[PDB]
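Okay, so here's the structure we're looking at.
Starting from 1, each residue takes its place in the sequence as its number. Side chains are part of it too, since the values below use all heavy atoms of this structure and drop only hydrogens, waters and symmetry mates.
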Amino acid sequence: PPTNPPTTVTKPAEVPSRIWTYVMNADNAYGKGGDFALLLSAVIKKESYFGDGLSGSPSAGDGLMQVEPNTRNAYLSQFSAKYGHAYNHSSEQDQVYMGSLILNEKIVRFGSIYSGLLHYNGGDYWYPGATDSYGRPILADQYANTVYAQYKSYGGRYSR
């Protein structure tokens with residue numbers, strides 16, 4: 001365990017090491033000292049169970065952070081400006097980079113983690129009963145509760 005520098009956030013045991021790498025890469029791009037890696041971990045756990053929880057979902061092809069096709073499409077130019085290359089949906093690292101960028105935008109725009117997660121999952125106009133592009137209902141408040149809780153359990157230290 002003892003790392004150089006001492007600040008290196010440790011992977012939660014249950015997070016696969018391939019995933020940890022994707023999310024540290026994302027964390028680094030946002031200068032978050034490892035804490036965003038922890039939040040991203042919780043989000044990927046919820047969204048796709050690290051890629052193992054999609055079998056039989058109509059949104060399976062949306063990958064690790066479940067960003068819907070019209071959403072990925074809206075963010076293309078911004079993705080390329082931020083990371084220096086065109087978004088490649090076949091890249092798991094890119095899928096994480098994309099979900100990261102959008103989630104960071106919500107957290108910055110709305111001004112907190114909780115409300116960032118809520119709107120990440122439901123969009124800016126989420127209301128109870130709203131439905132995703134697969135016609136499933138969006139439980140964005142429950143999502144935010146669960147994901148925030150999981151982030152904290154992983155040792156997340158913030159609320160904004």
Side-chain angles (χ1 to χ4, degrees), residues 9 12 14-15 19-20 22-54 57-83 86-89 91-160:
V9 175
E14 75 183 358
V15 168
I19 297 295
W20 192 234
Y22 300 157
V23 303
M24 276 301 172
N25 291 332
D27 192 290
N28 290 342
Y30 290 96
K32 293 298 169 165
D35 190 82
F36 193 30
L38 305 171
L39 175 53
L40 290 173
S41 291
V43 168
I44 293 168
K45 190 182 172 180
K46 180 69 158 130
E47 286 292 2
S48 65
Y49 204 81
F50 312 121
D52 308 325
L54 297 179
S57 166
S59 74
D62 286 343
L64 282 175
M65 288 186 66
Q66 296 279 103
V67 185
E68 303 196 324
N70 294 337
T71 301
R72 303 185 310 256
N73 181 73
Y75 281 87
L76 289 173
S77 64
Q78 184 166 356
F79 178 104
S80 181
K82 173 73 194 185
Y83 302 106
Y87 179 61
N88 179 349
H89 196 53
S91 160
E92 280 175 5
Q93 176 66 78
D94 286 0
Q95 288 158 37
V96 176
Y97 284 155
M98 174 73 70
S100 277
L101 180 171
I102 298 159
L103 168 66
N104 175 84
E105 178 163 288
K106 301 311 196 187
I107 282 157
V108 163
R109 156 166 346 276
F110 292 102
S112 69
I113 292 173
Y114 189 91
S115 161
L117 292 163
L118 196 147
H119 295 290
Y120 176 73
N121 186 51
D124 297 351
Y125 307 103
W126 183 78
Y127 60 92
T131 208
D132 67 15
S133 82
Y134 305 96
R136 313 172 294 192
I138 309 180
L139 275 7
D141 60 301
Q142 301 178 49
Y143 177 97
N145 289 131
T146 301
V147 178
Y148 185 88
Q150 178 73 72
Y151 163 71
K152 284 264 85 157
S153 167
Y154 283 158
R157 66 141 108 64
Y158 305 115
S159 79
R160 311 180 290 178

*What pairs meet the ring pair (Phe, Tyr, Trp, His ring centres under 6.0 Å) rule with one or both residues in residues 28-47, with sequence neighbours excluded?*
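Ring pair (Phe, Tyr, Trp, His ring centres under 6.0 Å) check on residues 28-47 returns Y30-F36.
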*Pairs touching residues 111-135 that satisfy ring pair (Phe, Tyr, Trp, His ring centres under 6.0 Å), sequence neighbours left out*: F110-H119
Closest non-hydrogen atom pair, [X] against [Y]:
| X | Y | value |
| --- | --- | --- |
| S80 | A86 | OG-N, 4.1 Å |
| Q150 | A42 | CG-CB, 3.6 Å |
| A37 | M24 | CB-CE, 3.7 Å |
| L40 | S100 | CD1-OG, 3.3 Å |

About how many Å separate [atom2] of [Y] and [atom1] of [X], when rounded to the nearest 0.5 Å?
| X | Y | atom1 | atom2 | result |
| --- | --- | --- | --- | --- |
| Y151 | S41 | OH | OG | 11.5 Å |
| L117 | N145 | CG | CG | 10.0 Å |
| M65 | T71 | CE | OG1 | 12.0 Å |
| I107 | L118 | CD1 | CG | 11.5 Å |

_With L54 via side chain to side chain contact (heavy atoms under 4.5 Å, CB included) - residues at least two apart_ = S48, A60, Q66
*asked:* Name the residue from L103, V147, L39 that meets the side-chain contact (heavy atoms from CB on, under 4.5 Å) definition with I113.
replied: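 Testing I113 for a side-chain contact (heavy atoms from CB on, under 4.5 Å) against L103, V147, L39 leaves exactly one candidate, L39.
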*Taking side-chain hydrogen bond (donor to acceptor under 3.5 Å, both in side chains) as the test, write out the residues that go with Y148, two or more places apart.*
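None.
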Under the salt bridge (charged side-chain N to carboxylate O under 4.0 Å, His left out) rule, collect the residues that match up with [X], sequence neighbours excluded.
| X | result |
| --- | --- |
| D62 | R72 |
| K46 | none |
| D52 | none |
| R109 | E105 |

When you compare the side chain of [Y] with that of [X], does any pair of heavy atoms fall below 4.5 Å?
| X | Y | result |
| --- | --- | --- |
| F79 | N88 | no |
| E92 | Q95 | yes |
| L38 | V9 | yes |

Please list all pairs meeting salt bridge (charged side-chain N to carboxylate O under 4.0 Å, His left out) that have one or both residues in [range], counting only residues at least two apart or in different chains.
| range | value |
| --- | --- |
| residues 141-154 | none |
| residues 115-133 | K106-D124, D132-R136 |
| residues 25-35 | none |

*Residue among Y75, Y83, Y87 satisfying ring-ring contact (aromatic ring centres under 6.0 Å, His included) with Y97*: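 Only one of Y75, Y83, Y87 forms a ring-ring contact (aromatic ring centres under 6.0 Å, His included) with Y97, namely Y83.
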Enumerate donor-acceptor pairs with a distance under 3.5 Å from any side-chain N or O in residues 153-160 to protein atoms, sequence neighbours excluded.
{"unit_1": "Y154", "atom_1": "OH", "unit_2": "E14", "atom_2": "OE2", "d": "2.6"}

*Side chain of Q93, backbone of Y22: donor and acceptor closer than 3.5 Å?*
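Judged by distance alone, yes, a pair lies under 3.5 Å.
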*With no hydrogens and no angle check, is any side-chain donor or acceptor of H89 less than 3.5 Å from a backbone partner on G61?*
yes
